[PDB]
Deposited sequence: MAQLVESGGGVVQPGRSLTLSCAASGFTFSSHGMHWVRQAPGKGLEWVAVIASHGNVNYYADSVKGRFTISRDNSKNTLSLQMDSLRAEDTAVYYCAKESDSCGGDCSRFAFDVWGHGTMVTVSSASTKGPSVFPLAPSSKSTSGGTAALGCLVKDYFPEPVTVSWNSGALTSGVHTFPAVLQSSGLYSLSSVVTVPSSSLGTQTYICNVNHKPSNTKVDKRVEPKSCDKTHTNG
């Protein structure tokens, strides 16, 4: 059994997005359906439920009046209409099926089938590619690249077009007060290689179609 999840996106505050899940391999109309989310740095949060026959719904206080859950028991789909979006609604969203009864021992109070997760980002920032600055090396040396002031997530970083992987750490992005993200990618290498090996950080930001190859030199 699967719930095949789609939708989401990146929008301005006060705007709207839709999420959808399509049922596969079970009888959709026989089960209550839920949405659950996880915001950055936070735990799982229950969002909403709709009963099997779509006759009753219920919402977390945090989203009541702004999100609308619905289902289509003909197309066997589940929807979450998210209106009036707030920055704190930024999260990975999952759809979830109520667990099965089994003649007494099993309850419907767990979640047995989950959608893969789909990202919703709410921000006043608009799409912007990163600036990329070298972190030049001062037995072991460290060097890196600062990938600054981009939106939205994610960026990808490789070194020497993937040839360098040992010792690489690309840090999670931090959201700056500006609303833009920033991260660093570093690598530690033998001090001997500083003179013979070329180090190039390859930065790709698909939302802005930005690609930067920055050489980092002693």
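**Q** Would you list the gaps, meaning deposited-sequence stretches without C-alpha coordinates, in the order they occur?
**A** Gaps in the modelled chain, taken against the deposited sequence, lie at 1, 140 to 145, 226 to 235.
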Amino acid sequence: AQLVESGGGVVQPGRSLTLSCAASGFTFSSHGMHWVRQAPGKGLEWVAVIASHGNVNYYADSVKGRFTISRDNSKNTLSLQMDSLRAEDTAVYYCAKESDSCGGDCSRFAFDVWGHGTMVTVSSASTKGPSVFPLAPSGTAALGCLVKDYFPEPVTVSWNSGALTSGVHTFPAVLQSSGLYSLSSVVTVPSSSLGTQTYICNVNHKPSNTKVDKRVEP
From here on, numbers count along this sequence of modelled residues.
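**Q** Pick between 177 to 185 and 63 to 71: the one whose mean CA B-factor in the entry is higher.
**A** Per the PDB record, 177 to 185.
**Q** Which has the higher mean CA temperature factor in the PDB entry, 13 to 21 or 198 to 206?
**A** Result of the comparison: 198 to 206.
**Q** Checking the record values for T27, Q38, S191, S52, which has the greatest CA B factor?
**A** Top of the list by C-alpha B-factor: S191.
**Q** Taking the values straight from the PDB record, which of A96, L78, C106, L146 has the highest C-alpha temperature factor?
**A** That would be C106, according to the entry.
**Q** Which third, lowest, middle or highest, does the C-alpha temperature factor of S138 belong to within its own chain?
**A** Within its chain, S138 is a highest-third residue by C-alpha B-factor, going by the deposited values.
**Q** What third of its chain's C-alpha B-factors does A48 belong to: lowest, middle or highest?
**A** According to the entry, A48 has a C-alpha B-factor in the chain's lowest third.
**Q** Please say which third, lowest, middle or highest, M82 falls into when its CA temperature factor is compared across its chain.
**A** Its C-alpha B-factor belongs to the middle third of this chain's values.
**Q** Per the entry's values, where does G162 land by CA temperature factor relative to the rest of its chain, in the lowest, middle or highest third?
**A** Highest third of the chain for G162's C-alpha B-factor.
**Q** Could you place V212 in the lowest, middle or highest third of its chain by Cα temperature factor, using the values in the record?
**A** Top third by C-alpha B-factor.
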